[PDB]
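Peer 1: The structure follows.
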Amino acid sequence: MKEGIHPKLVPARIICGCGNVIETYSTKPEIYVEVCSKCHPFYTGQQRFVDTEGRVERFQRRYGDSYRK
Amino acid sequence: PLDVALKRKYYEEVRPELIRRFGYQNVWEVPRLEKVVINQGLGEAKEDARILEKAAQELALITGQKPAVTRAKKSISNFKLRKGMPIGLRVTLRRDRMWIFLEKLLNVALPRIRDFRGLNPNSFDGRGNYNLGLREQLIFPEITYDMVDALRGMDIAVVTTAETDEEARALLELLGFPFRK
Amino acid sequence: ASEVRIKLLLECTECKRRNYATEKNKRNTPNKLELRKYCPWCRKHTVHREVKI
Amino acid sequence: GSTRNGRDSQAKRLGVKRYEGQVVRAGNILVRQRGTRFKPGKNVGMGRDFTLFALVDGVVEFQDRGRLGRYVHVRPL
Amino acid sequence: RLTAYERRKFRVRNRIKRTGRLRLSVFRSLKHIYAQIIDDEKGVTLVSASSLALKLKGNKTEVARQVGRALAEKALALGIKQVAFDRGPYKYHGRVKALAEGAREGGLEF
Amino acid sequence: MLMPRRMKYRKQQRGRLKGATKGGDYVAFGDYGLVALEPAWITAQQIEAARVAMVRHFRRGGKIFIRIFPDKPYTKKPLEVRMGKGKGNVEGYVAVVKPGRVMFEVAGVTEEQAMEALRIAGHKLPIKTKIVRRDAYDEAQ
RNA sequence: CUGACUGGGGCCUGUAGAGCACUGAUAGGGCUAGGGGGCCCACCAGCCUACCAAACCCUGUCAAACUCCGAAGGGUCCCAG
RNA sequence: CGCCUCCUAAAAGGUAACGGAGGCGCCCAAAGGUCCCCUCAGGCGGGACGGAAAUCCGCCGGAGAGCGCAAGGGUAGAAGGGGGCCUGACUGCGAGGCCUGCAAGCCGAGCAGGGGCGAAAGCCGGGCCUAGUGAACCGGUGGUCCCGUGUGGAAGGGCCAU
RNA sequence: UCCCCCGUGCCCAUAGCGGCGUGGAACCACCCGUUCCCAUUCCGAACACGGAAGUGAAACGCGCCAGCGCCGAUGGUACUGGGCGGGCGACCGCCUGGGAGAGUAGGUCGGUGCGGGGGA
RNA sequence: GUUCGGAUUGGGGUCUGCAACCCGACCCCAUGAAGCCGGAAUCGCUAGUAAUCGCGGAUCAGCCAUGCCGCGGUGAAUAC
RNA sequence: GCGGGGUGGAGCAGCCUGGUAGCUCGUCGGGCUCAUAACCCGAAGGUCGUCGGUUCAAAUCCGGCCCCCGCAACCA
Ligand SMILES: [Mg+2]
Ligand SMILES: [Mg+2]
Ligand SMILES: [Mg+2]
Ligand SMILES: [Mg+2]
Ligand SMILES: [Mg+2]
Ligand SMILES: [Mg+2]
Ligand SMILES: [Mg+2]
Ligand SMILES: [Mg+2]
Ligand SMILES: [Mg+2]
Ligand SMILES: [Mg+2]
Ligand SMILES: [Mg+2]
Ligand SMILES: [Mg+2]
Ligand SMILES: [Mg+2]
Ligand SMILES: [Mg+2]
Ligand SMILES: [Mg+2]
Ligand SMILES: [Mg+2]
Ligand SMILES: [Mg+2]
Ligand SMILES: [Mg+2]
Ligand SMILES: [Mg+2]
Ligand SMILES: [Mg+2]
Ligand SMILES: [Mg+2]
Ligand SMILES: [Mg+2]
Ligand SMILES: [Mg+2]
Ligand SMILES: [Mg+2]
Ligand SMILES: [Mg+2]
Ligand SMILES: [Mg+2]
Ligand SMILES: [Mg+2]
Ligand SMILES: [Mg+2]
Ligand SMILES: [Mg+2]
Ligand SMILES: [Mg+2]
Ligand SMILES: [Mg+2]
Ligand SMILES: [Mg+2]
Ligand SMILES: [Mg+2]
Ligand SMILES: [Mg+2]
Ligand SMILES: [Mg+2]
Ligand SMILES: [Mg+2]
Ligand SMILES: [Mg+2]
Ligand SMILES: [Mg+2]
Ligand SMILES: [Mg+2]
Ligand SMILES: [Mg+2]
Ligand SMILES: [Mg+2]
Ligand SMILES: [Mg+2]
Ligand SMILES: [Mg+2]
Ligand SMILES: [Mg+2]
Ligand SMILES: [Mg+2]
Ligand SMILES: [Mg+2]
Ligand SMILES: [Mg+2]
Ligand SMILES: [Mg+2]
Ligand SMILES: [Mg+2]
Ligand SMILES: [Mg+2]
Ligand SMILES: [Mg+2]
Ligand SMILES: [Mg+2]
Ligand SMILES: [Mg+2]
Ligand SMILES: [Mg+2]
Ligand SMILES: [Mg+2]
Ligand SMILES: [Mg+2]
Ligand SMILES: [Mg+2]
Ligand SMILES: [Mg+2]
Ligand SMILES: [Mg+2]
Ligand SMILES: [Mg+2]
Ligand SMILES: [Mg+2]
Ligand SMILES: [Mg+2]
Ligand SMILES: [Mg+2]
Ligand SMILES: [Mg+2]
Ligand SMILES: [Mg+2]
Ligand SMILES: [Mg+2]
Ligand SMILES: [Mg+2]
Ligand SMILES: [Mg+2]
Ligand SMILES: [Mg+2]
Ligand SMILES: [Mg+2]
Ligand SMILES: [Mg+2]
Ligand SMILES: [Mg+2]
Ligand SMILES: [Mg+2]
Ligand SMILES: [Mg+2]
Ligand SMILES: [Mg+2]
Ligand SMILES: [Mg+2]
Ligand SMILES: [Mg+2]
Ligand SMILES: [Mg+2]
Ligand SMILES: [Mg+2]
Ligand SMILES: [Mg+2]
Ligand SMILES: [Mg+2]
Ligand SMILES: [Mg+2]
Ligand SMILES: [Mg+2]
Ligand SMILES: [Mg+2]
Ligand SMILES: [Mg+2]
Ligand SMILES: [Mg+2]
Ligand SMILES: [Mg+2]
Ligand SMILES: [Mg+2]
Ligand SMILES: [Mg+2]
Ligand SMILES: [Mg+2]
Ligand SMILES: [Mg+2]
Ligand SMILES: [Mg+2]
Ligand SMILES: [Mg+2]
Ligand SMILES: [Mg+2]
Ligand SMILES: [Mg+2]
Ligand SMILES: [Mg+2]
Ligand SMILES: [Mg+2]
Ligand SMILES: [Mg+2]
Ligand SMILES: [Mg+2]
Ligand SMILES: [Mg+2]
Ligand SMILES: [Mg+2]
Ligand SMILES: [Mg+2]
Ligand SMILES: [Mg+2]
Ligand SMILES: [Mg+2]
Ligand SMILES: [Mg+2]
Ligand SMILES: [Mg+2]
Ligand SMILES: [Mg+2]
Ligand SMILES: [Mg+2]
Ligand SMILES: [Mg+2]
Ligand SMILES: [Mg+2]
Ligand SMILES: [Mg+2]
Ligand SMILES: [Mg+2]
Ligand SMILES: [Mg+2]
Ligand SMILES: [Mg+2]
Ligand SMILES: [Mg+2]
Ligand SMILES: [Mg+2]
Ligand SMILES: [Mg+2]
Ligand SMILES: [Mg+2]
Ligand SMILES: [Mg+2]
Ligand SMILES: [Mg+2]
Ligand SMILES: [Mg+2]
Ligand SMILES: [Mg+2]
Ligand SMILES: [Mg+2]
Ligand SMILES: [Mg+2]
Ligand SMILES: [Mg+2]
Ligand SMILES: [Zn+2]
Ligand SMILES: [Zn+2]
């Protein structure tokens, strides 16, 4: 490479909020992230976060079977 | 040269599994990465504040490599464009710096992305190459909220040595690209 | 040759004689022309300078 | 009734000046042309307006080298 | 459909012929470096020299300088003195520059 | 009626009418044809007259093929002017037609239906004509 | 003896004719963006088109200022009458 | 009404009309010299803001792009695009020819002076080319130190340049 | 004197597009590195250097196939130099010498010079 | 454009009523619009008044009442 | 035949000197008035006669066609 135009690469410490640490190289020796590959919802198989909804509607009402027949 | 995780992972896990699925008879027949090119079609800096050392300083931190200018090929009325006007940046990553960038890209960037639901399956060249877009450069780890004046994403082109989308798809998924469908 | 594209001379900066005549666009090139040319008097090259025609 | 036309230019008398097998002196003009219809070959100069002329005393020869164009030569006598 | 290698090759070679000299054309491969002096008026090679024919050693650059002093050595024996350097697609530098300088010390004129 | 939709040049020199046709000399589409026996500039006004006549016989039915087209611009100086002051103005368009061309071909019609419209068509033309039907010679070109 | 003309030989040319490869023109057919039209929609797509019609392919044609071709001739130089 | 391009023009050159069409009366200090490197328009596919069209990746694409400006010719085996160093957009000449009634117009190898680029072979006396122009008379201006009306100067003229 | 490869020419698509197959001992290429010379409007991609673990995957070279491209007769015609007739013309004929273009048959998946390196 | 402002909507509940789709009120989670003091123009009030604050009642199952009829708390400026 | 011209609904600018469409009236919504006018406050509407070309870009520069105004059309 040309000298004096290039940011310098060093061993880097990317930290996640799950406590995943990643061994890599970067222009900054230490970085923290909010999220990573090791914990993300879409990422971890199909960990369907806050909603394992299945909708639930619309057959789902069912309140109740008390209307007469 | 540098030992890094993805570069290592390619030879160790990606290489053999690929030779499995498609049964190549030559080591060079099997899919490789050649280059990842990063681009910022910018052009918001056509006239206005054609001082984009702020984004060249950005891209230089993201990739550890000084971007080059792109300039207008032809003048355009509707775009307010003088021929030769400075309208974008482009850095070409090969070899070690290519891996290191993809490494941070796959492990960090795409996760930090707004409502990420997987890379687009269909952005495949037809000749086995792949392209994707970013709305924000904050998506990376080396760019804090502080050091930015404005939102500026980018174009990302990854070239394979593959011939079909299918070998390309496999090479990239095996490396660690998250596809929705 | 025009109103903006003027004619001019080059004066040898050493012996002060004019040995070459040419033109320029005085809007595109407001400074005086400076060029090295063979001066037939000094018998060598000399910086020649644009002077009024 | 009137014409918005009327004009044309002076003819320029272009073309080959010396044909193959003709004896020429150094300097003789061989071909007058607009662009390189013919190309200078051995012993043949080309001037700023494409004019092919002989560099040595001798005899003219033409050669048609396909996609390489047509060439004029002078062979020393 | 030509390539930069091919075009550059013609580009310098065409300018060399026009000056009518004998051409000292140089081939440089990954291992070896060859050189032949050609009379283009006959389509004919008049003298040659190559590392591969001289069975020479290691350092490509010194190897070049040596195949150079060689080519001249055989050359002056045939009366050849004036000649012109065909740097082909190769930038005048490194291995090729070295062969050239070898030819010069040998007394070949250019 | 027929005329070019646009052209590189507005006015065309007159030229000649020597020789038999260069082509157009064999039946190519329909069942019967009308062929020119002598040279002429056939005007668009005649071609349309001849065409209309043929559709007028058929009423409902048939298909008419026009194999000539008026692309040559026709010039005339304004009435009562003297020679000079430039070329006349374009006033109409003509089809340059030499001996042996098929100008019109018909299809989808009885033979008497075709002989007759081609005949009636023929009267509308400034030249002599011969009616011909498709032969293996036509087939073989 | 070098001339008009003539014989052989080389080189030069873009006409007659022809051709549609380029620039344009061009009739019908195929295929098919774009619109127009008729169904169904405003949830945004769809379907039919004896409608006008790009580009492409086919058949068939036109051109002083079109040429993938291309004569007979003509010009010039050498040797000879 | 002068100049350039095309056709008419009958395949050398030339060729008329109040025949058919267009352009010029500029421009560039780089759009010049040279060394080094580079290859277009367009089509399909892929890509945040991004559109028919900005910039990015791939594949096909001999030239349909580009070459300041009209047209023709030429041209990527560059005359097109980028960069470095530069001013040959030279002084003194010019063998030999194109064209041609004259006068003009044009092309030019080579020798010398002093230079520019190049390792060099070499190239360079402006520009891919063909328009961008005006003979002489009269005078202005810088230089030259040639004549100077008895003599020394001067006045005024000659010569080179504009 | 024959075969293969590396150079460098000539002929200027009968040499090209596509498809299939083949070659790594040798040569060539990719290749292994980026210390050094040198280099990127960023990138050792290019150019360049020092190399020799692998591979003929890309490239290249060598063969095969006529789908495209390219070449293409014989015959006949158009036209025509010169010589004659015919028509009021537009135009049309005969004689002698010359003779296309289209198309048809058909050919083509190159030939050859010189110098190197290897093999018989 | 905020701990200002509380429209718009999404989701979930209570109640009245035979019945709240058109078409009720209320509660809760989330959404958090216009609006930075209002163009030409124009209204009310002379003292316990104007301004500001809450409370009740009639109608009435519930209620689209921010309307109306009353009631007190605090409480001015100014009239040449 | 020569010169000038076509721009919201009416009538004129902008064109020469390419990038930006303006003025008065009129229309529409509001205000004053019992009401109307006038007057006051806001607001809509020209894709520049066409088709072609030059340009990076055309109301503007160049060509074609169309319609309008003015002048000419003489010795005969
Ligand atoms: Mg895809
Ligand atoms: Mg960030
Ligand atoms: Mg690929
Ligand atoms: Mg008139
Ligand atoms: Mg006129
Ligand atoms: Mg004329
Ligand atoms: Mg003339
Ligand atoms: Mg003339
Ligand atoms: Mg002419
Ligand atoms: Mg000629
Ligand atoms: Mg020259
Ligand atoms: Mg020149
Ligand atoms: Mg020959
Ligand atoms: Mg020769
Ligand atoms: Mg040979
Ligand atoms: Mg005539
Ligand atoms: Mg007539
Ligand atoms: Mg006429
Ligand atoms: Mg008229
Ligand atoms: Mg006339
Ligand atoms: Mg006329
Ligand atoms: Mg008519
Ligand atoms: Mg005909
Ligand atoms: Mg008749
Ligand atoms: Mg045919
Ligand atoms: Mg004699
Ligand atoms: Mg003679
Ligand atoms: Mg003679
Ligand atoms: Mg003769
Ligand atoms: Mg003809
Ligand atoms: Mg055509
Ligand atoms: Mg065809
Ligand atoms: Mg004709
Ligand atoms: Mg012609
Ligand atoms: Mg012709
Ligand atoms: Mg001939
Ligand atoms: Mg002639
Ligand atoms: Mg002759
Ligand atoms: Mg002859
Ligand atoms: Mg004789
Ligand atoms: Mg003049
Ligand atoms: Mg001519
Ligand atoms: Mg001619
Ligand atoms: Mg001629
Ligand atoms: Mg002449
Ligand atoms: Mg004019
Ligand atoms: Mg420059
Ligand atoms: Mg240049
Ligand atoms: Mg330069
Ligand atoms: Mg492209
Ligand atoms: Mg695209
Ligand atoms: Mg988009
Ligand atoms: Mg785009
Ligand atoms: Mg071009
Ligand atoms: Mg220097
Ligand atoms: Mg002379
Ligand atoms: Mg003369
Ligand atoms: Mg002249
Ligand atoms: Mg020198
Ligand atoms: Mg030097
Ligand atoms: Mg010279
Ligand atoms: Mg230029
Ligand atoms: Mg010029
Ligand atoms: Mg001149
Ligand atoms: Mg006088
Ligand atoms: Mg006079
Ligand atoms: Mg004087
Ligand atoms: Mg004196
Ligand atoms: Mg005196
Ligand atoms: Mg004294
Ligand atoms: Mg004296
Ligand atoms: Mg004195
Ligand atoms: Mg004096
Ligand atoms: Mg004096
Ligand atoms: Mg002078
Ligand atoms: Mg070879
Ligand atoms: Mg060979
Ligand atoms: Mg092949
Ligand atoms: Mg193999
Ligand atoms: Mg192969
Ligand atoms: Mg090997
Ligand atoms: Mg092996
Ligand atoms: Mg190695
Ligand atoms: Mg280093
Ligand atoms: Mg070292
Ligand atoms: Mg490398
Ligand atoms: Mg292979
Ligand atoms: Mg190669
Ligand atoms: Mg075969
Ligand atoms: Mg041929
Ligand atoms: Mg043929
Ligand atoms: Mg024949
Ligand atoms: Mg005759
Ligand atoms: Mg005949
Ligand atoms: Mg005959
Ligand atoms: Mg015969
Ligand atoms: Mg012919
Ligand atoms: Mg033939
Ligand atoms: Mg073949
Ligand atoms: Mg050999
Ligand atoms: Mg051998
Ligand atoms: Mg807000
Ligand atoms: Mg309700
Ligand atoms: Mg709030
Ligand atoms: Mg607001
Ligand atoms: Mg505030
Ligand atoms: Mg308030
Ligand atoms: Mg208020
Ligand atoms: Mg008021
Ligand atoms: Mg009161
Ligand atoms: Mg109550
Ligand atoms: Mg109540
Ligand atoms: Mg309500
Ligand atoms: Mg209340
Ligand atoms: Mg108006
Ligand atoms: Mg004006
Ligand atoms: Mg203006
Ligand atoms: Mg109103
Ligand atoms: Mg009113
Ligand atoms: Mg344009
Ligand atoms: Mg505008
Ligand atoms: Mg326009
Ligand atoms: Mg336009
Ligand atoms: Mg107009
Ligand atoms: Mg009058
Ligand atoms: Zn994590
Ligand atoms: Zn001097």
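We label chains A, B, ... in the order they appear in the structure tokens, count residues from 1 in each chain, and number ligands from 1 in the order shown.
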Please determine the contact residues of chain B with respect to chain I at a cut-off of 7 Å, counting only C-alpha atoms (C1' of nucleotides), and supply them as a list in words.
Peer 2: residues 26, 27, 28, 29, 65, 66, 67, 68, 90, 91, 92, 93 and 94 of chain B
Peer 1: For the residues in the current selection, export N, CA and C atoms as a compact mmCIF listing (two decimals), in the first residue's frame.
Peer 2:
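And here's selection34.txt as it stands now:
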```txt
# COMPACT_ATOMS: atom_id res chain seq x y z
N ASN B 26 -11.10 -30.28 -9.37
CA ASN B 26 -9.89 -29.46 -9.29
C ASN B 26 -10.06 -28.46 -8.16
N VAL B 27 -8.98 -28.16 -7.46
CA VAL B 27 -9.03 -27.28 -6.30
C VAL B 27 -9.42 -25.86 -6.70
N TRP B 28 -8.98 -25.46 -7.90
CA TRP B 28 -9.25 -24.13 -8.42
C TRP B 28 -10.65 -24.06 -9.05
N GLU B 29 -11.29 -25.21 -9.22
CA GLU B 29 -12.65 -25.23 -9.75
C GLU B 29 -13.61 -24.75 -8.69
N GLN B 65 -8.54 1.31 4.62
CA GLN B 65 -8.07 1.50 3.26
C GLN B 65 -8.64 2.80 2.68
N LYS B 66 -7.77 3.66 2.13
CA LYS B 66 -8.20 4.96 1.62
C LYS B 66 -9.01 4.84 0.34
N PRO B 67 -10.24 5.35 0.36
CA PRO B 67 -11.13 5.27 -0.81
C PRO B 67 -10.62 6.13 -1.94
N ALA B 68 -11.06 5.85 -3.17
CA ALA B 68 -10.74 6.74 -4.27
C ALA B 68 -11.98 7.49 -4.69
N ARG B 90 -15.01 5.14 -3.87
CA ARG B 90 -14.95 3.70 -4.10
C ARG B 90 -13.64 3.07 -3.64
N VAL B 91 -13.76 2.10 -2.74
CA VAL B 91 -12.61 1.35 -2.25
C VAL B 91 -12.75 -0.12 -2.59
N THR B 92 -11.68 -0.66 -3.16
CA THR B 92 -11.65 -2.06 -3.57
C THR B 92 -10.86 -2.90 -2.59
N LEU B 93 -11.53 -3.83 -1.92
CA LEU B 93 -10.87 -4.75 -0.99
C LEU B 93 -10.58 -6.13 -1.59
N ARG B 94 -9.32 -6.53 -1.49
CA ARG B 94 -8.89 -7.87 -1.86
C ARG B 94 -8.25 -8.55 -0.64
```
Peer 1: Can you pull out every residue with an atom within 12 Å of ligand 117? Use only C-alpha atoms (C1' of nucleotides) and all ligand atoms and format it as an NGL selection string.
Peer 2: :K and (14-21 or 58-61)
Peer 1: Restricted to N, CA and C atoms (P, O5', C5', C4', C3', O3' and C1' of nucleotides), what would the selected residues look like written as a PDB file, in the first residue's frame?
Peer 2:
```
ATOM      1  P     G K  14     -39.579  41.736 -23.860  1.00  0.00           P
ATOM      2  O5'   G K  14     -38.867  40.628 -22.974  1.00  0.00           O
ATOM      3  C5'   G K  14     -38.242  40.958 -21.745  1.00  0.00           C
ATOM      4  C4'   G K  14     -38.170  39.744 -20.865  1.00  0.00           C
ATOM      5  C3'   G K  14     -37.387  38.576 -21.438  1.00  0.00           C
ATOM      6  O3'   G K  14     -35.995  38.698 -21.211  1.00  0.00           O
ATOM      7  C1'   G K  14     -39.468  37.811 -20.605  1.00  0.00           C
ATOM      8  P     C K  15     -34.945  38.562 -22.423  1.00  0.00           P
ATOM      9  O5'   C K  15     -35.510  37.379 -23.327  1.00  0.00           O
ATOM     10  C5'   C K  15     -34.825  36.136 -23.384  1.00  0.00           C
ATOM     11  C4'   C K  15     -34.836  35.522 -24.765  1.00  0.00           C
ATOM     12  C3'   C K  15     -34.130  36.298 -25.882  1.00  0.00           C
ATOM     13  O3'   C K  15     -33.326  35.395 -26.637  1.00  0.00           O
ATOM     14  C1'   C K  15     -36.329  35.714 -26.556  1.00  0.00           C
ATOM     15  P     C K  16     -31.810  35.094 -26.192  1.00  0.00           P
ATOM     16  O5'   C K  16     -30.946  36.069 -27.100  1.00  0.00           O
ATOM     17  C5'   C K  16     -31.091  36.058 -28.512  1.00  0.00           C
ATOM     18  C4'   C K  16     -30.841  37.425 -29.092  1.00  0.00           C
ATOM     19  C3'   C K  16     -29.552  38.089 -28.640  1.00  0.00           C
ATOM     20  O3'   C K  16     -28.441  37.649 -29.399  1.00  0.00           O
ATOM     21  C1'   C K  16     -31.355  39.623 -28.451  1.00  0.00           C
ATOM     22  P     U K  17     -26.942  37.790 -28.840  1.00  0.00           P
ATOM     23  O5'   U K  17     -27.023  37.300 -27.327  1.00  0.00           O
ATOM     24  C5'   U K  17     -25.870  36.765 -26.679  1.00  0.00           C
ATOM     25  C4'   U K  17     -26.129  36.442 -25.227  1.00  0.00           C
ATOM     26  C3'   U K  17     -27.422  35.678 -24.955  1.00  0.00           C
ATOM     27  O3'   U K  17     -27.233  34.762 -23.875  1.00  0.00           O
ATOM     28  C1'   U K  17     -27.474  37.771 -23.827  1.00  0.00           C
ATOM     29  P     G K  18     -27.202  33.178 -24.163  1.00  0.00           P
ATOM     30  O5'   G K  18     -28.446  32.603 -23.343  1.00  0.00           O
ATOM     31  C5'   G K  18     -29.770  32.623 -23.875  1.00  0.00           C
ATOM     32  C4'   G K  18     -30.653  31.574 -23.233  1.00  0.00           C
ATOM     33  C3'   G K  18     -30.364  31.277 -21.766  1.00  0.00           C
ATOM     34  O3'   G K  18     -31.579  30.869 -21.143  1.00  0.00           O
ATOM     35  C1'   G K  18     -30.009  29.321 -23.040  1.00  0.00           C
ATOM     36  P     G K  19     -31.951  31.409 -19.682  1.00  0.00           P
ATOM     37  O5'   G K  19     -31.777  30.130 -18.751  1.00  0.00           O
ATOM     38  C5'   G K  19     -32.321  28.871 -19.138  1.00  0.00           C
ATOM     39  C4'   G K  19     -32.500  27.952 -17.956  1.00  0.00           C
ATOM     40  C3'   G K  19     -32.636  28.652 -16.612  1.00  0.00           C
ATOM     41  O3'   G K  19     -33.528  27.907 -15.786  1.00  0.00           O
ATOM     42  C1'   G K  19     -30.675  27.289 -16.621  1.00  0.00           C
ATOM     43  P     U K  20     -35.054  27.644 -16.250  1.00  0.00           P
ATOM     44  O5'   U K  20     -35.911  28.328 -15.101  1.00  0.00           O
ATOM     45  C5'   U K  20     -35.466  28.286 -13.757  1.00  0.00           C
ATOM     46  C4'   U K  20     -35.425  29.660 -13.138  1.00  0.00           C
ATOM     47  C3'   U K  20     -36.642  30.553 -13.345  1.00  0.00           C
ATOM     48  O3'   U K  20     -37.692  30.222 -12.456  1.00  0.00           O
ATOM     49  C1'   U K  20     -34.594  31.808 -13.433  1.00  0.00           C
ATOM     50  P     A K  21     -39.210  30.152 -12.963  1.00  0.00           P
ATOM     51  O5'   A K  21     -39.518  31.638 -13.452  1.00  0.00           O
ATOM     52  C5'   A K  21     -40.841  32.151 -13.405  1.00  0.00           C
ATOM     53  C4'   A K  21     -41.180  32.953 -14.636  1.00  0.00           C
ATOM     54  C3'   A K  21     -42.617  33.427 -14.736  1.00  0.00           C
ATOM     55  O3'   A K  21     -42.883  34.556 -13.935  1.00  0.00           O
ATOM     56  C1'   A K  21     -41.962  32.527 -16.803  1.00  0.00           C
ATOM     57  P     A K  58     -33.989  20.823 -23.605  1.00  0.00           P
ATOM     58  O5'   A K  58     -33.988  22.411 -23.700  1.00  0.00           O
ATOM     59  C5'   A K  58     -34.516  23.214 -22.644  1.00  0.00           C
ATOM     60  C4'   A K  58     -35.103  24.497 -23.166  1.00  0.00           C
ATOM     61  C3'   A K  58     -36.228  24.302 -24.174  1.00  0.00           C
ATOM     62  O3'   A K  58     -37.115  25.419 -24.094  1.00  0.00           O
ATOM     63  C1'   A K  58     -34.442  25.416 -25.220  1.00  0.00           C
ATOM     64  P     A K  59     -38.000  25.671 -22.773  1.00  0.00           P
ATOM     65  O5'   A K  59     -39.001  26.818 -23.212  1.00  0.00           O
ATOM     66  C5'   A K  59     -39.979  26.561 -24.205  1.00  0.00           C
ATOM     67  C4'   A K  59     -40.387  27.826 -24.904  1.00  0.00           C
ATOM     68  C3'   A K  59     -39.282  28.564 -25.642  1.00  0.00           C
ATOM     69  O3'   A K  59     -38.995  28.023 -26.922  1.00  0.00           O
ATOM     70  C1'   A K  59     -40.455  30.088 -24.298  1.00  0.00           C
ATOM     71  P     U K  60     -37.596  28.360 -27.648  1.00  0.00           P
ATOM     72  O5'   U K  60     -37.199  29.789 -27.085  1.00  0.00           O
ATOM     73  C5'   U K  60     -37.337  30.951 -27.880  1.00  0.00           C
ATOM     74  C4'   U K  60     -36.325  31.982 -27.474  1.00  0.00           C
ATOM     75  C3'   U K  60     -34.900  31.702 -27.945  1.00  0.00           C
ATOM     76  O3'   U K  60     -34.247  32.933 -28.240  1.00  0.00           O
ATOM     77  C1'   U K  60     -34.953  31.799 -25.584  1.00  0.00           C
ATOM     78  P     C K  61     -34.240  33.486 -29.748  1.00  0.00           P
ATOM     79  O5'   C K  61     -33.119  32.616 -30.470  1.00  0.00           O
ATOM     80  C5'   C K  61     -31.748  32.831 -30.186  1.00  0.00           C
ATOM     81  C4'   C K  61     -30.873  31.786 -30.830  1.00  0.00           C
ATOM     82  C3'   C K  61     -31.407  31.142 -32.095  1.00  0.00           C
ATOM     83  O3'   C K  61     -31.259  31.962 -33.240  1.00  0.00           O
ATOM     84  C1'   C K  61     -30.522  29.476 -30.681  1.00  0.00           C
TER      85        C K  61
END
```
Peer 1: Would you kindly report the residues of chain H within 8 Å of chain F, using only C-alpha atoms (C1' of nucleotides), as JSON, numbers by chain?
Peer 2: {"H": [18, 19, 20]}
Peer 1: Set the cut-off to 12 Å, count only C-alpha atoms (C1' of nucleotides) and all ligand atoms, and list whatever residues fall near ligand 95 as a PyMOL selection string.
Peer 2: (chain G and resi 72) or (chain I and resi 77-83+93-99)
Peer 1: Nearest residue to residue 15 of chain J out of J:27, J:36, J:41, J:55, using only C-alpha atoms (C1' of nucleotides)?
Peer 2: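 For residue 15 of chain J, the nearest of the given residues is J:27.
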Peer 1: Find the residues of chain G that sit at most 9 Å from ligand 29; for each, write down the nearest two atoms and how far apart they are in Å, to one decimal. Count only C-alpha atoms (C1' of nucleotides) and all ligand atoms. Sort by chain, then by number going up, and give it as CSV.
Peer 2:
```
residue,atom,partner,partner_atom_place_in_ligand_line,distance
G:5,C1',ligand 29,1 (Mg),8.8
G:6,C1',ligand 29,1 (Mg),6.4
G:7,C1',ligand 29,1 (Mg),6.9
G:8,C1',ligand 29,1 (Mg),8.5
```
Peer 1: Env of segment 92-100 of chain F: 10 Å cut, atoms = only C-alpha atoms (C1' of nucleotides), seq-sep filter 4 positions within chain, self excluded. Answer as an MDAnalysis selection string.
Peer 2: (chainID F and resid 1:4 16:26 34:47 68:76 127:130) or (chainID G and resid 62)
Peer 1: With the cut-off set at 10 Å and counting only C-alpha atoms (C1' of nucleotides), tabulate each residue of chain E with an atom at most that distance from an atom of chain I, showing the nearest atom pair and its distance in Å to one decimal, ordered by chain and increasing number, as a tab-separated table.
Peer 2:
```
residue	atom	partner	partner_atom	distance
E:4	CA	I:46	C1'	9.6
E:25	CA	I:8	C1'	8.4
E:26	CA	I:7	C1'	9.0
E:27	CA	I:7	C1'	7.2
E:29	CA	I:28	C1'	7.6
E:30	CA	I:28	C1'	8.6
E:31	CA	I:51	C1'	9.2
E:32	CA	I:27	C1'	9.9
E:34	CA	I:7	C1'	7.9
E:35	CA	I:7	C1'	8.5
E:36	CA	I:115	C1'	7.6
E:37	CA	I:115	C1'	9.3
E:38	CA	I:8	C1'	7.9
E:39	CA	I:114	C1'	9.8
E:40	CA	I:9	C1'	7.4
E:41	CA	I:9	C1'	9.7
E:42	CA	I:114	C1'	8.5
E:43	CA	I:9	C1'	5.1
E:44	CA	I:114	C1'	4.6
E:45	CA	I:115	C1'	5.2
E:46	CA	I:115	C1'	7.3
E:47	CA	I:115	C1'	7.4
E:48	CA	I:115	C1'	6.8
E:49	CA	I:116	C1'	8.1
E:50	CA	I:116	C1'	8.1
E:52	CA	I:117	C1'	7.6
E:53	CA	I:117	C1'	7.4
E:58	CA	I:51	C1'	9.8
E:59	CA	I:50	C1'	8.1
E:60	CA	I:50	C1'	8.7
E:61	CA	I:49	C1'	9.0
E:90	CA	I:47	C1'	8.7
E:91	CA	I:47	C1'	7.7
E:93	CA	I:38	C1'	7.9
E:94	CA	I:37	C1'	6.7
E:95	CA	I:49	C1'	8.8
```
